[PDB]
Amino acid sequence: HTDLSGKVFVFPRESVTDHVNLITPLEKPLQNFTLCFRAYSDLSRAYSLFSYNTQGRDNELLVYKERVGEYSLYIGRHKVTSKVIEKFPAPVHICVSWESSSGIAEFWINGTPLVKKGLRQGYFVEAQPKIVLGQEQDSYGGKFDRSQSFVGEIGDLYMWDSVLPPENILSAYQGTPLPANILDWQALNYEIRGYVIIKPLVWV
């Protein structure tokens, strides 16, 4: 468990191999969540930002960037997509929440809410996941795809087991995130596989 404050994971190249495994202490199925992180990439093609798979379930929870200005959330294989005006290339802060009771998914880009969408109302995302950054999973922990690899820098990743109110989203965006009980950048259990470098964050 490492304090990565002020630091990013650099995925310096395209590969089918470089990734970071994220280990969460959570062992119960997810009804509600919020996921925030910072990314800086100049890929124009599609890539996975956050890949969460469970046994026999691809795309159980997936944050996927299809193209510039477009963000997709997959819950249990089902997908929503929301659009935003953004410059390319540019650093970005991304928060996404999802609520089982309503099905509502909320993207926040640089503290700006995108249009709400809804999917998988009543569903629970399964526990005991494999979580990977830098690659998209098609199996429980593997079956990566070069054309979906993340190339660039990721920092300030937090994941909470609740839907964060606007004020806590903005706080995360501004660099004072509330401590997070699923994944916390300041106490992160992770394994680097292949070519991933930890560097100071210089682009905020």
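One rule holds for the numbers: they count along the sequence shown, beginning at 1. Between two forms, the rigid core is the largest collection of C-alphas that superpose within 1.5 Å.
K.L.:
Which of the two stretches, 24 to 32 or 37 to 45, moves more in 9 other deposited structures of this protein when the core is held fixed, judged by C-alpha RMS distance?
P.N.:
When 24 to 32 and 37 to 45 are compared in 9 other deposited structures of this protein, 24 to 32 lies farther out.
K.L.:
Please work out which of 60 to 68 and 23 to 31 has the higher mean CA B-factor as recorded in the PDB entry.
P.N.:
23 to 31 has the higher mean C-alpha B-factor.
K.L.:
With respect to the recorded C-alpha B factors, which stretch has the higher mean value, 87 to 95 or 115 to 123?
P.N.:
Mean CA B-factor is higher for 87 to 95.
K.L.:
Of the options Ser41, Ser139, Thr176, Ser149, which has the highest CA B factor as deposited?
P.N.:
In this record, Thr176 carries the highest C-alpha B-factor of the candidates.
K.L.:
Could you say whether, by C-alpha temperature factor, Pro129 belongs to the lowest, middle or highest third of its chain?
P.N.:
Highest third of the chain for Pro129's C-alpha B-factor.
K.L.:
So where's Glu14 on the chain's Cα temperature factor ranking, which third?
P.N.:
It falls in the middle third of the chain.
K.L.:
For the chain shown, is the CA B-factor of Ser100 in the lowest, middle or highest third of its modelled residues?
P.N.:
Bottom third by C-alpha B-factor.
K.L.:
Going by the CA temperature factor in the PDB record, which third of the chain does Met159 belong to: lowest, middle or highest?
P.N.:
Bottom third by C-alpha B-factor.
K.L.:
Considering only modelled residues of the same chain, in which third does the CA B-factor of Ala172 rank: lowest, middle or highest?
P.N.:
For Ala172, whose C-alpha B-factor we compare with every modelled residue in the chain, the answer is the lowest third.
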